[PDB]
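In what follows, chains are A, B, ... by sequence order, proteins preceding strands, each numbered from 1.
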Amino acid sequence: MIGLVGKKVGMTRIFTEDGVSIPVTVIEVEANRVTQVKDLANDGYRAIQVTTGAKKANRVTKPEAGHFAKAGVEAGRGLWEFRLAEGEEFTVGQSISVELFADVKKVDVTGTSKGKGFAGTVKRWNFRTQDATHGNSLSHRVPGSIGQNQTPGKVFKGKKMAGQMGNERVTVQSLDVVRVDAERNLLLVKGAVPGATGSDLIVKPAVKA
Amino acid sequence: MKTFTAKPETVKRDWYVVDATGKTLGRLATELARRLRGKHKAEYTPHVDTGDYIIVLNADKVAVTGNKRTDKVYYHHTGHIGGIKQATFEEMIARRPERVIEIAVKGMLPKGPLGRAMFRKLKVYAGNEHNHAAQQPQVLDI
Amino acid sequence: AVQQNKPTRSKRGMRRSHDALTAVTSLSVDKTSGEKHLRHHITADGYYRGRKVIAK
RNA sequence: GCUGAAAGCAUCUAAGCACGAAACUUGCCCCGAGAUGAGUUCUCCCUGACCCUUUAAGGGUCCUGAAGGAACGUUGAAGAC
RNA sequence: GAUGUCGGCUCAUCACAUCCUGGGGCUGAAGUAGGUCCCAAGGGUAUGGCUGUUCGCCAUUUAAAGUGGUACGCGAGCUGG
RNA sequence: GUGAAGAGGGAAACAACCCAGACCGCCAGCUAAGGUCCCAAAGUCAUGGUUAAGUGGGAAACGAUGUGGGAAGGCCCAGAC
RNA sequence: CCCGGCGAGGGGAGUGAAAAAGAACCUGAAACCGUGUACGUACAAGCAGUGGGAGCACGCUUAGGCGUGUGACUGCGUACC
Ligand SMILES: C=CC[C@@H]1/C=C/C(=O)NC/C=C/C(C)=C/[C@@H](O)C[C@@H](F)Cc2nc(co2)C(=O)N2CCC[C@@H]2C(=O)O[C@@H]1[C@H](C)COC(=O)Nc1cc2ccccc2cn1
């Protein structure tokens with residue numbers, strides 16, 4: 001089915017009566033308002049565009065304001081699209097709460113991973129470090145060989161090298177749902193999810209099942 | 001006097017439409033490339049595109065002799081070392097039947113900027129309907 | 001480590017295609033002194049936003 | 001393997017039909033319209049007056065300067081720049 | 001009027017005459033476990049003692065510790081026994 | 001015999017193979033080897049056959065009711081296979 | 001006389017046949033580095049030219065369809081000793 005957009009509040013622990021501690025990631029899932037509904041006759045596919053949160057009226061551009069005004073709903077801090085599974089039907093202005101995850105039992109959480117910046121092969125690709133002694137000359141954490149001789153005479157595409165690490169879209173699948181508190185707009189899922197505190201998260205039910 | 005040469009600003013390019021149902025792939029693409037280049041015009045000029053626009057319909061119904069419907073392989077490389085992918089004539093027809101005609105014609109056209117422009121005058125569709133009626137394309141039984 | 005062929009004037013100019021400088025889009029004007037200054041900086045005389053900030 | 005002739009039989013095959021593996025195509029994750037074949041959808045903004053002239057996708061003057069963008073500044077669990 | 005060699009380290013990539021896993025036929029295949037041949041290259045495919053060693057012997061593991069090509073891959077990447 | 005000391009055309013590219021020996025010029029014509037569906041100049045030419053393997057466009061001993069043609073022979077309406 | 005740090009270095013004035021003869025001084029070549037104008041260039045692959053060749057600009061022209069510069073596209077084409 002469809003998913004929801006939320007914010008990562010942080011992590012804590014839930015104690016059960018059986019003496020177990022469940023690590024949970026708290027996700028604030030406010031009312032998700034539908035801004036646009038796409039069909040096949042006009043767009044070529046079925047989906048819905050949603051928003052959540054709030055934004056400074058003096059900072060909302062006129063194009064964005066007109067997009068929300070056409071739906072008759074307040075503005076948010078972004079826009080996200082969800083596909084429909086051939087049997088779902090929504091309407092503009094419809095508010096979707098976290099109660100939609102009441103009987104799912106598992107979800108997939110997508111977010112933007114933390115940014116490590118320019119990372120080395122040891123950290124980015126788990127390359128084995130060379131000898132710290134025994135004659136090593138300036139080659140302790142360097143990659144080593146990156147190819148072969150007069151044969152192909154080039155470095156193959158996809159070669160594992162240093163470069164940007166993190167700050168990319170990441171999805172974690174099949175996370176257990178621990179609690180659904182609609183009174184507080186909270187969704188507790190067992191385990192860690194991508195991103196830092198305060199980042200945006202897309203929560204969809206598990207597709208593997 | 002100097003031999004006549006065509007001008008791309010004064011050359012006349014007509015529009016044609018063709019039905020590919022039951023037609024042999026190679027024996028069809030040959031006439032297309034012949035017309036897309038302009039060899040059928042007395043004003044043919046190798047450094048000018050004197051060809052005509054051609055619409056191809058029902059590309060998903062072309063014919064091939066022998067067992068080429070299952071033994072003909074379309075290889076292509078992606079750039080990575082694994083790279084080498086392949087698809088049969090049947091697989092291509094089901095996935096993207098238009099590429100069968102385009103690939104056959106691209107190989108019969110000259111290689112370079114000019115031949116790359118001739119290919120743009122080819123409009124291939126999988127069905128029997130096109131959205132170029134405004135150009136009034138004339139039927140061509142080729 | 002070192003080149004096998006001498007690069008050209010062309011490639012030298014291409015590399016320097018990103019070496020050009022950027023001029024200040026505009027200079028700000030003080031309310032009181034009407035002097036011209038960098039934005040968010042004080043003037044040569046010592047004014048800033050018409051308040052007679054440090055002059056000595 | 002089924003049915004089944006050439007070959008009165010037989011036969012998995014020649015017509016036709018059904019099963020069949022971590023390989024193949026998908027399904028899962030990520031990039032992705034410089035996909036120059038440059039795509040689609042929604043929304044927002046601009047509704048002057050003249051002159052010259054080898055008179056056209058022409059040039060120039062005055063008025064006008066939107067949406068939005070950039071710049072500057074405070075900065076960031078973003079970042080070599 | 002210079003194409004720097006063994007082995008080790010780091011990083012690998014392809015082939016299939018396949019070591020493991022997967023699918024099958026025959027068996028002097030009861031079962032368990034094996035033998036042989038066919039299909040299959042998706043992924044995976046030991047640590048240590050001795051020796052400069054590759055190899056090899058030994059000890060102990062593993063579903064398996066595959067065979068080869070890549071200047072007997074890789075010193076403008078390290079080492080120098 | 002050619003190259004060396006020899007250009008040109010053909011063999012995809014290829015000093016030595018095939019055709020052929022460049023005094024200069026021409027937006028004239030006939031030919032050689034080799035070729036005439038498109039890339040790419042010229043037959044989607046004509047006539048009668050073969051192949052179904054993309055053989056053509058890579059290869060042996062050997063193996064097989066693949067298929068075409070030919071010369072005989074054996075058993076048969078006393079009823080053959 | 002003027003800008004400039006009572007500078008360097010320049011701009012005027014003046015000398016002289018000449019200051020583009022001003023002492024970094026007769027003549028003032030080439031490599032090399034620049035400003036300006038015309039044309040071309042951001043889907044196109046390689047000794048960078050050659051043959052063909054559109055368009056643009058400019059000069060002619062007693063329109064005379066010529067010349068100069070540029071060179072989209074295209075056939076051939078792997079420097080010299
Ligand atoms: C110090 C001192 C060692 C001494 C000389 C050194 C030197 O001159 N360095 C200068 C480097 C020159 C280089 C690297 C030149 C390159 O541009 C081409 C290169 F790689 C190509 C290349 N080189 C090499 C191989 O292929 C080869 O062997 N070497 C290369 C490294 C040294 C070694 C070398 O030559 O060692 C020398 C040793 C005395 C040989 O011992 C032998 O028994 N030799 C031998 C064995 C034979 C058996 C059978 C028949 C006949 C034989 C004849 N000779």
Side-chain angles (χ1 to χ4, degrees), chain A residues 35-36 38 42-45 49 61-71 79 108 110 112 114-118 121 125 127-131 134-140 142-152 156 159-160 164 166-173 195-199 207-208, chain B residues 1-3 5-10 26-27 29-34 37 39 45-49 65-68 71-72 81-82 85-88 91 94-95 102 104-117 119-120, chain C residues 1-2 9 22 24-26 28 38-41:
Chain A
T35 56
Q36 185 184 353
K38 311 200 174 187
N42 191 38
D43 298 75
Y45 69 101
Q49 183 185 98
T61 65
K62 303 243 290 180
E64 298 173 357
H67 190 71
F68 296 118
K70 186 174 180 170
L79 292 166
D108 301 339
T110 299
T112 313
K114 281 182 158 179
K116 323 295 194 178
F118 207 116
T121 49
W125 299 116
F127 274 24
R128 293 152 78 175
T129 276
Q130 293 191 51
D131 276 298
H134 289 292
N136 185 284
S137 290
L138 324 176
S139 302
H140 303 294
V142 303
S145 179
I146 62 172
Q148 308 89 25
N149 213 320
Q150 192 137 272
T151 326
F156 292 131
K159 184 71 184 71
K160 292 176 180 184
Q164 181 65 23
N167 196 31
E168 56 177 1
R169 182 195 180 93
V170 173
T171 290
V172 180
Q173 295 178 310
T197 303
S199 55
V207 56
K208 294 289 187 64
Chain B
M1 61 186 297
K2 285 181 168 182
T3 287
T5 183
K7 285 72 148 49
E9 310 89 357
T10 82
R27 309 189 101 83
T30 303
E31 199 65 18
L32 300 176
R34 167 176 148 85
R37 208 193 180 184
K39 299 186 111 303
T45 322
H47 63 95
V48 184
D49 166 56
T65 55
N67 293 285
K68 273 181 284 196
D71 295 359
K72 207 200 196 312
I81 326 93
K85 318 290 260 292
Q86 57 181 96
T88 54
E91 293 286 358
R95 191 214 309 284
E102 300 177 27
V105 171
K106 219 197 82 175
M108 299 184 187
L109 290 169
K111 277 59 174 186
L114 188 66
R116 218 145 45 229
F119 176 83
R120 309 199 171 99
Chain C
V2 79
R9 298 163 266 272
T22 77
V24 289
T25 64
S26 59
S28 306
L38 271 177
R39 197 155 189 74
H40 300 105
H41 291 54

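- Entry note: G:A42 and G:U35 fail the pairing test, Watson-Crick or G-U wobble at under 3.5 angstrom for both distances.
- G:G69: Watson-Crick or G-U partner is G:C56, with both key distances under 3.5 Å.
- E:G31 makes up no base pair with any nucleotide shown, lacking Watson-Crick or G-U wobble contacts both under 3.5 Å.
- Shown here, G:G5 forms no base pair; nothing in the strands shown gives a Watson-Crick or G-U wobble contact with both key distances under 3.5 Å.
- Nearest heavy atoms, A:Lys38 versus A:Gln36: CE-NE2, 3.7 Å.
- For B:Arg34, the salt bridge (charged side-chain N to carboxylate O under 4.0 Å, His left out) criterion is met by B:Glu31, not counting sequence neighbours.
- For A:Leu79, the side chain to side chain contact (heavy atoms under 4.5 Å, CB included) criterion is met by A:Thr35, A:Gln49, A:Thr51, A:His67, A:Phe68, not counting sequence neighbours.
- Residue contacts for B:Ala33: at a heavy-atom cut-off of 4.0 Å it reaches the sugar-phosphate backbone alone, with no base atom in range.
- Of the two residues near RNA chain G, B:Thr5 and B:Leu114, the one whose nearest nucleotide lies more 5' is B:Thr5.
- Here B:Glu9 lies in heavy-atom contact (under 4.0 Å) with sugar-phosphate atoms only.
- E:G77 atom P lies 14 Å from atom NZ of A:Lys159, rounded to whole Å.
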Checklist outcome for this item: A correct 5'-to-3' footprint of nucleotides 33-40 of chain D, with B, S and - meaning base, sugar-phosphate only and no protein heavy atom under 4.0 Å, is ----B---

Item to check | Under 4.0 Å protein heavy-atom contact, by nucleotide of nucleotides 68-76 of chain D - B base, S sugar-phosphate only | outcome: S--SBS---

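- Here E:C74 presents its P atom at 14 Å from CZ of A:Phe156, a figure rounded to the nearest Å.
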Polar pairs (N or O, both sides) under 3.5 Å between protein and nucleotides 79-81 of chain D?
unit_1 : atom_1 : unit_2   : atom_2 : d
D:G79  : OP1    : A:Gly117 : N      : 3.1
D:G79  : OP1    : A:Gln164 : NE2    : 2.5
D:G79  : OP2    : A:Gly115 : O      : 2.8
D:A80  : OP2    : A:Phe118 : N      : 3.2

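- When base pairs are accepted only as Watson-Crick or G-U wobble with both N-N or N-O distances under 3.5 Å, RNA chain D takes part in stems of 3 or more pairs at D:48-52 with D:58-62.
- For the pair A:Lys70 NZ and D:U41 P, the interatomic distance rounds to 12 Å; values are reported in whole Å.
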Item to check | Worked verdict on B:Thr30 versus B:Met108 for side-chain contact (heavy atoms from CB on, under 4.5 Å) | outcome: CA-CA 7 Å; B:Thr30 303; B:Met108 299 184 187; 3.7 Å; yes

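- The residue A:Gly147 sits close to a base: some heavy atom pair falls under 4.0 Å.
- Comparing the same atom, P, in E:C6 and in E:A2 gives a spacing of 23 Å after rounding to whole Å.
- Between B:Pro46 and B:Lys7, it is B:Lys7 whose nearest contact on RNA chain G lies nearer the 5' terminus.
- As the counterpart of F:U31, no nucleotide is assigned, since no Watson-Crick or G-U wobble pattern has both distances under 3.5 Å.
- Smallest separation of non-hydrogen atoms from B:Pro110 and B:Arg37: CG-NE, 4.0 Å.
- Nucleotides of RNA chain G that come within less than 4.0 Å of any heavy atom of chain B span, from the 5' end to the 3' end, G:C43 to G:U74.
- We find that CD of A:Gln150 is positioned 13 Å from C1' of E:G73, with the value rounded to whole Å.
- With its glycosidic angle within 90° of 0, G:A48 is assigned syn.
- Taking only side-chain nitrogens and oxygens, A:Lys208 never comes nearer than 4.0 Å to OP1 or OP2 of D:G27.
- In this structure, CG of A:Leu79 is placed 11 Å from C1' of D:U43, rounded to the nearest angstrom.
- Residues satisfying the side chain to side chain contact (heavy atoms under 4.5 Å, CB included) criterion with A:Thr61, sequence neighbours excluded, are A:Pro63, A:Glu64.
- When Watson-Crick and G-U wobble pairs are counted only if both distances are under 3.5 Å, F:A61 pairs with no nucleotide at all.
- Across all strands shown, E:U36 pairs with E:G25; the Watson-Crick or G-U wobble distances both stay below 3.5 Å.
- Nucleotide G:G71 carries a south sugar pucker, as its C1'-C2'-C3'-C4' torsion angle is negative.
- Separating the CZ atom of A:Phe68 from the P atom of D:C44 is a distance of 13 Å, rounded to the nearest angstrom.
- Taking the salt bridge (charged side-chain N to carboxylate O under 4.0 Å, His left out) definition, one finds that A:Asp108 meets it with nothing, sequence neighbours left out.
- Within the 4.0 Å cut-off from OP1 or OP2 of E:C74, at least one side-chain nitrogen or oxygen of A:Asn149 is found.
- The bases E:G56 and E:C50 are paired, Watson-Crick or G-U wobble, with both atom distances under 3.5 Å.
- A donor and an acceptor atom sit less than 3.5 Å apart, one in the side chain of B:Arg27 and one in the base of F:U44.
- A straight line from NZ of B:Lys39 to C1' of F:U36 spans 12 Å, rounded to a whole angstrom.
- To the nearest whole angstrom, the two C1' atoms, one in F:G56 and one in F:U50, are 13 Å apart.
- B:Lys72 comes within contact range of no nucleotide atom at all, as no heavy-atom separation falls under 4.0 Å.
- Spacing between F:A15 and G:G69 at atom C1', rounded to whole Å, works out to 43 Å.
- The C1'-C2'-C3'-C4' torsion of D:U54 is negative. Its sugar is therefore classed as south.
- With sequence neighbours excluded, the residues satisfying side chain to side chain contact (heavy atoms under 4.5 Å, CB included) with B:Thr45 are B:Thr5, B:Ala6, B:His47, B:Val48, B:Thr50.
- Separating the CD1 atom of A:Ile146 from the P atom of E:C74 is a distance of 14 Å, rounded to the nearest angstrom.
- Classification of G:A38 as anti follows from a glycosidic angle more than 90° from 0.
- Remark: A:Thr129 is not in phosphate contact with E:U10, judged by side-chain N or O atoms under 4.0 Å from OP1 or OP2.
- Evaluation of atom-type donor-acceptor distances gives a pair under 3.5 Å for the side chain of B:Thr3 against the base of F:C27.
- The residue A:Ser145 sits close to a base: some heavy atom pair falls under 4.0 Å.
- Residues satisfying the side chain to side chain contact (heavy atoms under 4.5 Å, CB included) test with A:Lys70, not counting sequence neighbours, are none.
- Sugar puckers are classed by the sign of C1'-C2'-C3'-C4'; that of F:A52 comes out south, on the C2'-endo side.
- Between E:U47 and E:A59, a Watson-Crick or G-U wobble pair is formed, both defining distances falling under 3.5 Å.
- Both distances falling under 3.5 Å, in either a Watson-Crick or a G-U wobble arrangement, place E:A15 opposite E:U67.
- A positive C1'-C2'-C3'-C4' torsion places the sugar of F:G63 in the north, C3'-endo-side range.
- As judged by a 4.0 angstrom heavy-atom cut-off over every strand, A:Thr151 is placed among residues touching the sugar-phosphate backbone only.
- Here A:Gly66 lies in heavy-atom contact (under 4.0 Å) with sugar-phosphate atoms only.
- North is the pucker class for the sugar of F:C39, given a positive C1'-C2'-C3'-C4' value.
- B:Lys2 comes within 4.0 angstrom of a nucleotide base, judged by non-hydrogen atoms across all strands.
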Please write out the pairs of protein N or O atoms and N or O atoms of nucleotides 17-26 of chain D separated by less than 3.5 Å, giving the distance to one decimal.
unit_1 : atom_1 : unit_2  : atom_2 : d
D:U26  : OP1    : B:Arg95 : NH1    : 3.4

